[PDB]
>>> print(open('protein.txt').read())   # compact mmCIF, N, CA and C atoms
# COMPACT_ATOMS: atom_id res chain seq x y z
N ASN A 23 13.40 42.35 -62.61
CA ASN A 23 12.80 43.46 -61.81
C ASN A 23 12.70 43.05 -60.33
N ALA A 24 13.14 43.96 -59.45
CA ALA A 24 13.16 43.68 -58.01
C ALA A 24 11.79 43.42 -57.37
N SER A 25 10.72 44.16 -57.71
CA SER A 25 9.39 43.88 -57.14
C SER A 25 8.88 42.52 -57.60
N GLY A 26 9.14 42.20 -58.86
CA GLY A 26 8.76 40.91 -59.39
C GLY A 26 9.45 39.80 -58.64
N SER A 27 10.76 39.94 -58.44
CA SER A 27 11.51 38.94 -57.66
C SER A 27 11.01 38.83 -56.22
N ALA A 28 10.57 39.95 -55.64
CA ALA A 28 10.04 39.93 -54.29
C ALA A 28 8.76 39.09 -54.21
N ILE A 29 7.85 39.30 -55.16
CA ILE A 29 6.60 38.55 -55.20
C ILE A 29 6.93 37.05 -55.34
N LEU A 30 7.85 36.72 -56.23
CA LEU A 30 8.29 35.34 -56.39
C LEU A 30 8.86 34.78 -55.09
N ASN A 31 9.74 35.55 -54.44
CA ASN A 31 10.29 35.09 -53.18
C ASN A 31 9.23 34.83 -52.12
N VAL A 32 8.19 35.68 -52.06
CA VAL A 32 7.12 35.40 -51.10
C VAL A 32 6.39 34.11 -51.50
N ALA A 33 6.10 33.93 -52.78
CA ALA A 33 5.43 32.69 -53.21
C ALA A 33 6.26 31.46 -52.88
N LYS A 34 7.55 31.50 -53.20
CA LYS A 34 8.44 30.38 -52.89
C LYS A 34 8.46 30.06 -51.40
N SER A 35 8.37 31.09 -50.57
CA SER A 35 8.41 30.85 -49.12
C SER A 35 7.27 29.99 -48.64
N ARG A 36 6.18 29.95 -49.41
CA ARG A 36 5.01 29.16 -49.08
C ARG A 36 5.05 27.73 -49.60
N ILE A 37 6.13 27.33 -50.27
CA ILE A 37 6.24 25.95 -50.77
C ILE A 37 6.09 24.98 -49.60
N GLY A 38 5.22 23.99 -49.78
CA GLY A 38 4.94 23.00 -48.75
C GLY A 38 3.67 23.26 -47.98
N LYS A 39 3.15 24.48 -48.04
CA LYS A 39 1.89 24.79 -47.34
C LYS A 39 0.71 24.04 -47.97
N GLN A 40 -0.23 23.63 -47.13
CA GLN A 40 -1.39 22.87 -47.59
C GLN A 40 -2.38 23.72 -48.39
N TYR A 41 -3.06 23.07 -49.31
CA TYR A 41 -4.15 23.66 -50.07
C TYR A 41 -5.37 23.73 -49.16
N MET A 42 -6.07 24.85 -49.23
CA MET A 42 -7.39 24.99 -48.67
C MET A 42 -8.19 25.92 -49.57
N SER A 43 -9.35 25.47 -50.01
CA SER A 43 -10.26 26.33 -50.75
C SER A 43 -10.61 27.50 -49.84
N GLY A 44 -10.42 28.72 -50.35
CA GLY A 44 -10.60 29.93 -49.55
C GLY A 44 -9.36 30.46 -48.84
N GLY A 45 -8.24 29.76 -48.94
CA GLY A 45 -7.03 30.16 -48.23
C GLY A 45 -6.24 31.24 -48.93
N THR A 46 -5.84 32.26 -48.18
CA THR A 46 -4.93 33.30 -48.69
C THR A 46 -3.73 33.46 -47.78
N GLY A 47 -3.39 32.41 -47.03
CA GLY A 47 -2.22 32.47 -46.18
C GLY A 47 -2.51 32.91 -44.77
N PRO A 48 -1.50 32.90 -43.92
CA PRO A 48 -0.12 32.56 -44.26
C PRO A 48 0.16 31.06 -44.40
N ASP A 49 -0.75 30.20 -43.92
CA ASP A 49 -0.47 28.77 -43.86
C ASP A 49 -1.26 27.91 -44.83
N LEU A 50 -2.40 28.40 -45.30
CA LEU A 50 -3.31 27.62 -46.14
C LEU A 50 -3.69 28.43 -47.36
N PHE A 51 -3.69 27.79 -48.53
CA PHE A 51 -3.84 28.51 -49.81
C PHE A 51 -4.71 27.83 -50.84
N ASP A 52 -5.49 28.63 -51.58
CA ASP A 52 -5.95 28.22 -52.90
C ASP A 52 -5.10 28.93 -53.93
N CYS A 53 -5.34 28.66 -55.21
CA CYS A 53 -4.41 29.14 -56.25
C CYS A 53 -4.34 30.67 -56.28
N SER A 54 -5.50 31.30 -56.29
CA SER A 54 -5.59 32.75 -56.34
C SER A 54 -5.22 33.36 -55.00
N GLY A 55 -5.44 32.63 -53.90
CA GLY A 55 -5.04 33.11 -52.58
C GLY A 55 -3.54 33.23 -52.47
N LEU A 56 -2.81 32.30 -53.05
CA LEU A 56 -1.35 32.39 -53.04
C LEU A 56 -0.91 33.62 -53.82
N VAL A 57 -1.52 33.87 -54.99
CA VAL A 57 -1.22 35.07 -55.76
C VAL A 57 -1.48 36.35 -54.95
N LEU A 58 -2.64 36.41 -54.31
CA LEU A 58 -3.01 37.59 -53.54
C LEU A 58 -2.05 37.83 -52.37
N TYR A 59 -1.81 36.77 -51.59
CA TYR A 59 -0.88 36.85 -50.47
C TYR A 59 0.49 37.36 -50.93
N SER A 60 1.00 36.78 -52.01
CA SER A 60 2.36 37.10 -52.45
C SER A 60 2.52 38.58 -52.82
N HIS A 61 1.49 39.14 -53.42
CA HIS A 61 1.47 40.57 -53.73
C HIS A 61 1.27 41.43 -52.49
N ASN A 62 0.28 41.11 -51.66
CA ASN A 62 0.01 41.93 -50.47
C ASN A 62 1.23 42.01 -49.56
N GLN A 63 1.93 40.89 -49.38
CA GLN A 63 3.09 40.86 -48.51
C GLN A 63 4.20 41.78 -48.96
N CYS A 64 4.25 42.07 -50.26
CA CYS A 64 5.25 42.94 -50.84
C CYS A 64 4.75 44.37 -51.02
N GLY A 65 3.55 44.68 -50.52
CA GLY A 65 3.00 46.02 -50.68
C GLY A 65 2.54 46.32 -52.09
N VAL A 66 2.25 45.28 -52.88
CA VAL A 66 1.80 45.47 -54.24
C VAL A 66 0.28 45.31 -54.21
N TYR A 67 -0.41 46.41 -53.95
CA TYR A 67 -1.85 46.40 -53.77
C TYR A 67 -2.55 46.43 -55.12
N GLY A 68 -3.85 46.13 -55.09
CA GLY A 68 -4.71 46.19 -56.26
C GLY A 68 -5.05 44.87 -56.91
N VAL A 69 -4.58 43.77 -56.33
CA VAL A 69 -4.78 42.45 -56.91
C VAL A 69 -6.16 41.94 -56.48
N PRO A 70 -6.97 41.42 -57.42
CA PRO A 70 -8.25 40.86 -57.03
C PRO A 70 -8.14 39.50 -56.37
N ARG A 71 -9.26 39.00 -55.88
CA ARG A 71 -9.26 37.77 -55.06
C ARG A 71 -9.32 36.49 -55.88
N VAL A 72 -10.15 36.44 -56.91
CA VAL A 72 -10.41 35.17 -57.58
C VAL A 72 -9.67 35.10 -58.92
N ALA A 73 -9.44 33.87 -59.34
CA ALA A 73 -8.60 33.60 -60.49
C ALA A 73 -9.07 34.29 -61.75
N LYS A 74 -10.38 34.22 -62.02
CA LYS A 74 -10.88 34.79 -63.28
C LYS A 74 -10.62 36.31 -63.33
N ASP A 75 -10.68 36.96 -62.17
CA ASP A 75 -10.43 38.40 -62.09
C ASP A 75 -8.93 38.71 -62.12
N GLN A 76 -8.12 37.88 -61.48
CA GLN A 76 -6.67 38.09 -61.51
C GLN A 76 -6.11 38.01 -62.94
N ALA A 77 -6.74 37.17 -63.77
CA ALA A 77 -6.35 37.01 -65.16
C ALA A 77 -6.67 38.24 -66.01
N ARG A 78 -7.58 39.09 -65.55
CA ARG A 78 -8.02 40.26 -66.31
C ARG A 78 -7.42 41.57 -65.83
N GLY A 79 -6.97 41.62 -64.58
CA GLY A 79 -6.47 42.86 -63.99
C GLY A 79 -5.02 43.11 -64.32
N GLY A 80 -4.50 44.21 -63.78
CA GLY A 80 -3.14 44.60 -64.01
C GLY A 80 -2.88 44.90 -65.47
N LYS A 81 -1.63 44.70 -65.87
CA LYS A 81 -1.16 44.93 -67.24
C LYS A 81 -0.70 43.61 -67.84
N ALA A 82 -0.48 43.59 -69.15
CA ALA A 82 0.09 42.41 -69.80
C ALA A 82 1.48 42.12 -69.22
N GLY A 83 1.72 40.84 -68.93
CA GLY A 83 3.01 40.37 -68.47
C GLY A 83 3.77 39.65 -69.54
N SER A 84 5.01 39.31 -69.22
CA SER A 84 5.89 38.57 -70.12
C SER A 84 6.25 37.18 -69.62
N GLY A 85 5.88 36.86 -68.38
CA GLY A 85 6.27 35.60 -67.76
C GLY A 85 7.55 35.68 -66.95
N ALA A 86 7.99 36.91 -66.70
CA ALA A 86 9.11 37.18 -65.81
C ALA A 86 8.76 36.85 -64.36
N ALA A 87 9.79 36.71 -63.52
CA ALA A 87 9.60 36.46 -62.10
C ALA A 87 8.59 37.42 -61.49
N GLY A 88 7.58 36.86 -60.84
CA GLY A 88 6.57 37.64 -60.16
C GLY A 88 5.36 37.99 -61.00
N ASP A 89 5.39 37.75 -62.31
CA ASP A 89 4.18 37.87 -63.10
C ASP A 89 3.18 36.80 -62.69
N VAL A 90 1.91 37.06 -62.94
CA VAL A 90 0.87 36.08 -62.70
C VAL A 90 0.63 35.31 -63.99
N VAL A 91 0.73 33.99 -63.93
CA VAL A 91 0.30 33.14 -65.03
C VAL A 91 -1.12 32.68 -64.75
N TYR A 92 -1.95 32.75 -65.78
CA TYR A 92 -3.33 32.29 -65.68
C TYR A 92 -3.61 31.26 -66.75
N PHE A 93 -4.60 30.41 -66.47
CA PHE A 93 -4.94 29.29 -67.34
C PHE A 93 -6.40 29.39 -67.69
N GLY A 94 -6.67 29.62 -68.98
CA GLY A 94 -8.03 29.79 -69.50
C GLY A 94 -8.51 31.23 -69.63
N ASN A 95 -9.54 31.43 -70.46
CA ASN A 95 -10.27 32.70 -70.57
C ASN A 95 -11.74 32.35 -70.74
N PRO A 96 -12.56 32.37 -69.67
CA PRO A 96 -12.20 32.81 -68.30
C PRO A 96 -11.26 31.87 -67.54
N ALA A 97 -10.39 32.46 -66.74
CA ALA A 97 -9.36 31.69 -66.07
C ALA A 97 -9.89 30.92 -64.87
N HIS A 98 -9.40 29.70 -64.73
CA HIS A 98 -9.79 28.83 -63.61
C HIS A 98 -8.62 28.46 -62.69
N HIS A 99 -7.40 28.89 -63.04
CA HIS A 99 -6.22 28.57 -62.25
C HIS A 99 -5.18 29.64 -62.51
N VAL A 100 -4.36 29.90 -61.49
CA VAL A 100 -3.29 30.89 -61.57
C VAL A 100 -2.09 30.41 -60.77
N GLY A 101 -0.95 31.01 -61.08
CA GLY A 101 0.29 30.81 -60.34
C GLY A 101 1.18 32.04 -60.45
N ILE A 102 2.30 32.00 -59.74
CA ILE A 102 3.32 33.07 -59.79
C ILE A 102 4.50 32.56 -60.61
N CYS A 103 4.85 33.30 -61.67
CA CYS A 103 5.95 32.89 -62.54
C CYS A 103 7.29 32.95 -61.85
N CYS A 104 8.09 31.90 -62.07
CA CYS A 104 9.49 31.90 -61.63
C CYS A 104 10.41 32.63 -62.61
N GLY A 105 9.99 32.78 -63.86
CA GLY A 105 10.79 33.45 -64.88
C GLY A 105 11.59 32.51 -65.77
N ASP A 106 11.43 31.21 -65.55
CA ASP A 106 12.19 30.19 -66.23
C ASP A 106 11.31 29.15 -66.89
N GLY A 107 10.02 29.44 -67.04
CA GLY A 107 9.09 28.46 -67.61
C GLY A 107 8.27 27.72 -66.56
N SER A 108 8.61 27.88 -65.28
CA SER A 108 7.87 27.26 -64.19
C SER A 108 7.12 28.31 -63.37
N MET A 109 6.27 27.81 -62.48
CA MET A 109 5.49 28.68 -61.59
C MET A 109 5.46 28.07 -60.20
N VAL A 110 5.21 28.92 -59.20
CA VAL A 110 4.79 28.47 -57.88
C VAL A 110 3.27 28.53 -57.87
N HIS A 111 2.62 27.45 -57.47
CA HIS A 111 1.16 27.44 -57.42
C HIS A 111 0.64 26.57 -56.29
N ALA A 112 -0.61 26.84 -55.92
CA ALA A 112 -1.37 25.97 -55.00
C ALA A 112 -2.25 25.12 -55.93
N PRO A 113 -1.94 23.83 -56.09
CA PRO A 113 -2.53 23.10 -57.24
C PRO A 113 -4.03 22.80 -57.18
N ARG A 114 -4.45 22.21 -56.08
CA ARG A 114 -5.81 21.69 -55.92
C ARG A 114 -5.93 21.09 -54.54
N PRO A 115 -7.17 20.88 -54.06
CA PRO A 115 -7.31 20.16 -52.82
C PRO A 115 -6.57 18.82 -52.92
N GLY A 116 -5.82 18.50 -51.87
CA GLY A 116 -5.02 17.29 -51.83
C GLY A 116 -3.60 17.43 -52.34
N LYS A 117 -3.18 18.65 -52.66
CA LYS A 117 -1.78 18.93 -52.99
C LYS A 117 -1.31 20.12 -52.16
N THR A 118 -0.01 20.30 -52.08
CA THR A 118 0.61 21.43 -51.39
C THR A 118 1.23 22.39 -52.40
N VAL A 119 1.47 23.62 -51.94
CA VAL A 119 2.11 24.63 -52.76
C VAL A 119 3.46 24.12 -53.27
N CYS A 120 3.69 24.28 -54.57
CA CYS A 120 4.85 23.67 -55.21
C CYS A 120 5.17 24.38 -56.52
N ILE A 121 6.32 24.02 -57.08
CA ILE A 121 6.76 24.50 -58.36
C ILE A 121 6.38 23.48 -59.43
N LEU A 122 5.85 23.98 -60.54
CA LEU A 122 5.46 23.15 -61.67
C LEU A 122 5.82 23.88 -62.96
N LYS A 123 6.30 23.13 -63.95
CA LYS A 123 6.50 23.67 -65.29
C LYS A 123 5.15 24.07 -65.86
N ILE A 124 5.05 25.31 -66.35
CA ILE A 124 3.78 25.85 -66.86
C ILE A 124 3.23 24.98 -68.00
N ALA A 125 4.13 24.50 -68.87
CA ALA A 125 3.75 23.60 -69.96
C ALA A 125 3.01 22.34 -69.51
N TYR A 126 3.30 21.88 -68.29
CA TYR A 126 2.69 20.64 -67.80
C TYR A 126 1.19 20.76 -67.50
N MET A 127 0.66 21.98 -67.45
CA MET A 127 -0.78 22.16 -67.31
C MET A 127 -1.52 21.76 -68.59
N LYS A 128 -0.81 21.75 -69.72
CA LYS A 128 -1.36 21.30 -71.01
C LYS A 128 -2.65 22.05 -71.36
N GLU A 129 -2.62 23.37 -71.14
CA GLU A 129 -3.72 24.21 -71.51
C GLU A 129 -3.29 25.65 -71.73
N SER A 130 -4.18 26.39 -72.38
CA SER A 130 -3.98 27.78 -72.70
C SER A 130 -3.55 28.58 -71.47
N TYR A 131 -2.61 29.51 -71.67
CA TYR A 131 -2.12 30.34 -70.58
C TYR A 131 -1.62 31.67 -71.07
N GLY A 132 -1.70 32.67 -70.19
CA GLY A 132 -1.14 33.98 -70.43
C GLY A 132 -0.60 34.58 -69.16
N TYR A 133 -0.10 35.81 -69.27
CA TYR A 133 0.59 36.49 -68.16
C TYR A 133 0.03 37.86 -67.90
N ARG A 134 -0.13 38.18 -66.60
CA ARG A 134 -0.42 39.52 -66.14
C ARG A 134 0.70 39.99 -65.23
N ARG A 135 0.75 41.31 -65.03
CA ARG A 135 1.74 41.95 -64.16
C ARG A 135 1.06 43.02 -63.34
N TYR A 136 1.26 42.92 -62.02
CA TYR A 136 0.63 43.83 -61.06
C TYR A 136 1.59 44.79 -60.39
N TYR A 137 2.90 44.57 -60.57
CA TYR A 137 3.94 45.41 -60.01
C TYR A 137 4.44 46.39 -61.04
>>> encode(input="protein.txt", output="C-alpha cells")
Amino acid sequence: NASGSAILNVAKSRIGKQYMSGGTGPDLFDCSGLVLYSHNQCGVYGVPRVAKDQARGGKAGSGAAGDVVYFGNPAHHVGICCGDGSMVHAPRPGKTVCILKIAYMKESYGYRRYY
C-alpha cells in the first residue's frame, strides 16, 4: 500500500537521529514520537501521542510497511513496520533511530494501522 510505504519512508528518513524523551521530530525522537511524526508528515492524521494509546487506536494491522508495531498490553514501546519482519524505531535514551528485527525485542507484539 502506497500510504503505508510513505509512512515507512518518512520513518527511514529519520535513521540516525538522536533519542530524546518527548521528541517528535524533526531531529529528536522518542519511540511514539517517531510514529507520530511519520504519520503527520504524510497527512495521516488521528494518531495519538503516547505508546499505550498508539497500540489501541486505528485498526488491526498485518505488519505491512507503515503499520505500527507495539510491544505489550498496555504497550510501552512502538515502531514503524518495514514489512519484512523489522521495524524503524527510536530505541531508548542513549540510542539513535534505527532498524531492528521485531523478534529481537523478545516480547509480545501486535500491529495497528492508521492509514
>>> closest_atom_pairs(input="protein.txt", of="region 45-122 of chain A", to="region 37-41 of chain A", cutoff="6 Å", atoms="only N, CA and C atoms", output="JSON lines")
{"residue": "A:49", "atom": "C", "partner": "A:40", "partner_atom": "N", "distance": 5.0}
{"residue": "A:50", "atom": "CA", "partner": "A:40", "partner_atom": "C", "distance": 4.6}
{"residue": "A:51", "atom": "C", "partner": "A:41", "partner_atom": "CA", "distance": 4.3}
{"residue": "A:52", "atom": "N", "partner": "A:41", "partner_atom": "CA", "distance": 5.4}
{"residue": "A:114", "atom": "C", "partner": "A:41", "partner_atom": "CA", "distance": 5.5}
{"residue": "A:115", "atom": "CA", "partner": "A:41", "partner_atom": "CA", "distance": 5.5}
{"residue": "A:116", "atom": "N", "partner": "A:41", "partner_atom": "CA", "distance": 5.7}
{"residue": "A:117", "atom": "C", "partner": "A:41", "partner_atom": "N", "distance": 4.5}
{"residue": "A:118", "atom": "CA", "partner": "A:39", "partner_atom": "C", "distance": 4.3}
{"residue": "A:119", "atom": "C", "partner": "A:38", "partner_atom": "N", "distance": 3.9}
{"residue": "A:120", "atom": "N", "partner": "A:37", "partner_atom": "CA", "distance": 4.9}
>>> closest_residue(input="protein.txt", among="A:102, A:33, A:122, A:42", to="residue 85 (chain A)", atoms="only N, CA and C atoms")
A:102
>>> residues_around(input="protein.txt", residues="residue 76 (chain A)", least_positions_apart="5", cutoff="8 Å", atoms="all atoms listed in the file", output="MDAnalysis selection string")
chainID A and resid 54 69:71 90:92 97 100 133:135
>>> closest_residue(input="protein.txt", among="A:107, A:68, A:48, A:137", to="residue 123 (chain A)", atoms="all atoms listed in the file")
A:107
>>> closest_residue(input="protein.txt", among="A:109, A:30, A:104, A:124", to="residue 60 (chain A)", atoms="all atoms listed in the file")
A:30
>>> atom_distance(input="protein.txt", atom1="CA of residue 72 (chain A)", atom2="CA of residue 47 (chain A)")
14.3 Å
>>> residues_around(input="protein.txt", residues="residue 98 (chain A)", least_positions_apart="4", cutoff="7 Å", atoms="only C-alpha atoms", output="MDAnalysis selection string")
chainID A and resid 73:74 93:94
>>> atom_distance(input="protein.txt", atom1="CA of residue 35 (chain A)", atom2="CA of residue 96 (chain A)")
28.2 Å
>>> atom_distance(input="protein.txt", atom1="atom C of residue 43 (chain A)", atom2="atom N of residue 106 (chain A)")
27.3 Å
>>> select_by_dssp(input="protein.txt", residues="chain A", states="alpha helix (DSSP H)", output="ChimeraX atom specification")
/A:24-35,53-62,73-76
>>> select_by_dssp(input="protein.txt", residues="region 24-115 of chain A", states="strand (DSSP E or B)", output="ChimeraX atom specification")
/A:40-41,46,50-51,81-82,90-94,97-103,108-111
>>> closest_residue(input="protein.txt", among="A:25, A:75, A:128, A:32", to="residue 87 (chain A)", atoms="all atoms listed in the file")
A:25
>>> decode(input="protein.txt", residues="region 95-131 of chain A", atoms="C-alpha atoms", output="JSON list (two decimals), in the first residue's frame")
[["chain", "number", "residue", "atom", "x", "y", "z"],
["A", 95, "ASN", "CA", -0.69, -4.60, 26.51],
["A", 96, "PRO", "CA", -0.52, -1.94, 27.86],
["A", 97, "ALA", "CA", 2.14, -1.04, 25.34],
["A", 98, "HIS", "CA", 5.44, 0.50, 26.41],
["A", 99, "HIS", "CA", 7.24, 0.66, 23.04],
["A", 100, "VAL", "CA", 6.33, 1.13, 19.38],
["A", 101, "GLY", "CA", 7.93, 1.22, 15.94],
["A", 102, "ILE", "CA", 7.05, 1.52, 12.24],
["A", 103, "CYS", "CA", 6.97, -1.79, 10.36],
["A", 104, "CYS", "CA", 9.24, -2.25, 7.36],
["A", 105, "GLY", "CA", 7.06, -5.14, 6.11],
["A", 106, "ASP", "CA", 9.84, -7.72, 6.29],
["A", 107, "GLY", "CA", 9.92, -8.61, 9.99],
["A", 108, "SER", "CA", 11.89, -5.48, 11.00],
["A", 109, "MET", "CA", 10.89, -2.02, 12.22],
["A", 110, "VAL", "CA", 12.24, 1.51, 12.32],
["A", 111, "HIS", "CA", 12.23, 2.66, 15.95],
["A", 112, "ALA", "CA", 13.67, 5.16, 18.42],
["A", 113, "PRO", "CA", 15.01, 2.61, 20.93],
["A", 114, "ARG", "CA", 15.77, 4.33, 24.24],
["A", 115, "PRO", "CA", 17.81, 7.15, 25.68],
["A", 116, "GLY", "CA", 21.39, 6.57, 24.52],
["A", 117, "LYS", "CA", 20.48, 5.07, 21.14],
["A", 118, "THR", "CA", 19.60, 6.58, 17.75],
["A", 119, "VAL", "CA", 16.72, 5.84, 15.39],
["A", 120, "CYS", "CA", 17.47, 2.54, 13.66],
["A", 121, "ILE", "CA", 16.14, -0.63, 12.12],
["A", 122, "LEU", "CA", 15.71, -3.69, 14.35],
["A", 123, "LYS", "CA", 14.22, -7.14, 13.78],
["A", 124, "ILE", "CA", 10.91, -7.17, 15.70],
["A", 125, "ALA", "CA", 11.72, -10.65, 17.08],
["A", 126, "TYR", "CA", 14.81, -9.23, 18.81],
["A", 127, "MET", "CA", 12.62, -7.37, 21.32],
["A", 128, "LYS", "CA", 11.83, -10.84, 22.78],
["A", 129, "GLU", "CA", 8.37, -9.77, 23.91],
["A", 130, "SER", "CA", 4.72, -9.75, 22.99],
["A", 131, "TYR", "CA", 3.82, -7.60, 19.98]]
